[PDB]
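Heads up, the chain below is alone and in the form deposited in one PDB entry; it's given as structure tokens.
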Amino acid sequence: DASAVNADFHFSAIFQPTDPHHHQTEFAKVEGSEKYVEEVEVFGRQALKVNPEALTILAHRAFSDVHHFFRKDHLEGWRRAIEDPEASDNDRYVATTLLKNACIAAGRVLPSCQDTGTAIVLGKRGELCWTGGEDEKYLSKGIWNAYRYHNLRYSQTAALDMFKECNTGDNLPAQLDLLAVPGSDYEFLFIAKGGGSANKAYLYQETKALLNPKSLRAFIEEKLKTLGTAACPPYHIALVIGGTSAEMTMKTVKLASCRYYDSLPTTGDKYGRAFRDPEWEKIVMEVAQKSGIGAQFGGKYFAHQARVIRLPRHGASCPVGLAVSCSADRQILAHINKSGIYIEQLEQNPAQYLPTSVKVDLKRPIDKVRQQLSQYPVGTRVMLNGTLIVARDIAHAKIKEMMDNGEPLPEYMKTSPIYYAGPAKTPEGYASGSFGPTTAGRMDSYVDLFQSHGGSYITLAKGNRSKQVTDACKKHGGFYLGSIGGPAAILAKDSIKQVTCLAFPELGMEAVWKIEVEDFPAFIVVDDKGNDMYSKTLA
């Protein structure tokens, strides 16, 4: 029957930010850009004409500025990570390491991170914003300019078929999300999203049984360990409870990690509105600090901050989104209006935020090095000096085809440790472009096979690894060293001296490189006995 029914109709938008036009953000205008606009009035309504050339130009300051600078809230976290008495020493060192990288990047020659990311555009074209309609082509051109004329990295791999792939050669196409919105302006958020943090976007399908403090707290405790250290913490953690579909939930959790939703309300209503959840944002941070995971190597600063947005849901549904912003916190707001192009101003003076080292010579027989490494327990910090072999997914895959017919393991797979990494482009007159590690766990499947054929005894990367790497190292007497994640520019400037392609030339950044390093920082993570320095915080 009808007795709990209702009455009149009231539209309430799901997203109701209190700062819809991002007035809380400081913007700078692109000089002379009033030449791109003309005030008109049509059918009694005011409209705005935009030269589509502006999109290439606009997308190119944003996708240039953003690879060298961070937002103040990211930077405040780094100053804070150093000054907190409760931060571990390793937090401070990593934050110091991360802070030193950011200072190098502001020189505009070396990019702040090695993984210069996927180019993502969120666009909102006003009803009366007239661009000529070629928005997508010109925006893609601006990213291309940033990536063609600067020392960034091409990270996107096109699939010619299921297994045959080729590089696009310019890190294009971009993700262009152009939304239709009210008004006559054009608003943008540009995001250069690292693959590592894009990969740390997880979807779980849960139920109402989850929606209680005890279960949800336990869920967050349980699931946070699965984020690990593989996306260069401190993290901005975003958690989205509810959503009208998985993809909408994941888009929402993506933007929260990007602080796009910071000005939402903090209470729900009977009409179903998004809200920020301060209590559960606080709860996420409490879990992060007590987790002991720390800034890559143990401590309190697993996370800068957290955003938790509660959304409405279908009775049959409970989508949940979890996503991070990484150390390379890279986003930029902008808008176009009758006065021209305005672009979020980032902090040009990072300096106000500015406040165990055992040398291991790798230029020795690897058997002497294995013996020395075998002398120390996991968690031991080290500084590496000598030759590294650089190889990641495609180089591993190329190496795997030889290995797949059961013999021989190529000799070049047996002489040196395998460094999972991919460098950014080398600036003119510089020895190396940005060059930090990439997540070890993704190459985990190659170690046991290679070790069983007498190679890949030592691997070097970032991120927690699977039991197979621990098991492999214990059986064969191997070691895994973790470089600091994020400081790609200062490693290249001070530590990385030469890069040459060794194998698989047809590949791009994913070829095998041979490099010689000095003062390369790492921790002994896995020893030759079954030990793993993450076994307590990451099980």
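Rigid core (definition): largest C-alpha set, two forms, superposition within 1.5 Å. Note that residue numbering follows the sequence shown and begins at 1.
* Does a third or more of the other compared entries skip modelling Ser416? -> Result for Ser416: never missing in the compared entries.
* To do: Look at the other compared PDB entries that model both sides of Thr356, then say whether a third or more of them leave it out.
  => Counting only entries that model residues on both sides, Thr356 is unresolved in at least a third of them.
* **Between neighbours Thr356 and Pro355, residues that the deposited sequence lists but the model omits** => Unmodelled stretch: 4 to 9 residues.
* Do the C-alpha atoms of 188 to 196 or of 95 to 103 have the higher average B factor in the entry? -> The stretch with the larger average C-alpha B-factor is 95 to 103.
* Asked: Quick one: higher average CA temperature factor, 301 to 309 or 394 to 402?
  -> Higher of the two, by average CA B-factor, is 394 to 402.
* Pick out which of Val40, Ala59, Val50, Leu507 has the highest C-alpha B-factor in the PDB entry. => The record points to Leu507.
* To do: Go through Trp513, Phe63, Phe27, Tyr36 one by one and give the residue whose Cα B-factor in the PDB entry is largest.
  => Of the candidates given, the C-alpha B-factor peaks at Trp513.
* Against its chain's modelled residues, does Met533's Cα B factor rank lowest, middle or highest third? -> Highest third, going by the recorded CA B-factors of the chain.
* Comparing against every modelled residue in the chain, figure out the third that the C-alpha B-factor of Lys137 lands in (lowest, middle or highest). => Middle third by C-alpha B-factor.
* In terms of the chain's CA B-factor thirds, is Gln156 lowest, middle or highest? -> Middle third - that is where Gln156 ends up once the chain's C-alpha B-factors are sorted.
* To do: Tell me, lowest, middle or highest third: where does the Cα B factor of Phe163 rank within its chain?
  => For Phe163, whose C-alpha B-factor we compare with every modelled residue in the chain, the answer is the middle third.
* Lowest, middle or highest third of the chain for the C-alpha temperature factor of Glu281? -> Lowest third - that is where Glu281 ends up once the chain's C-alpha B-factors are sorted.
Beyond the structure shown, there is the form deposited in another entry, which is absent from this document and is the topic of what follows.
* Displaced residue between the shown form and the other one, judged on C-alpha after the rigid core is fitted, out of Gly268, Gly133, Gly406, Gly107 (threshold 2 Å or more) -> The listed residue whose C-alpha shifts by at least 2 Å is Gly406.
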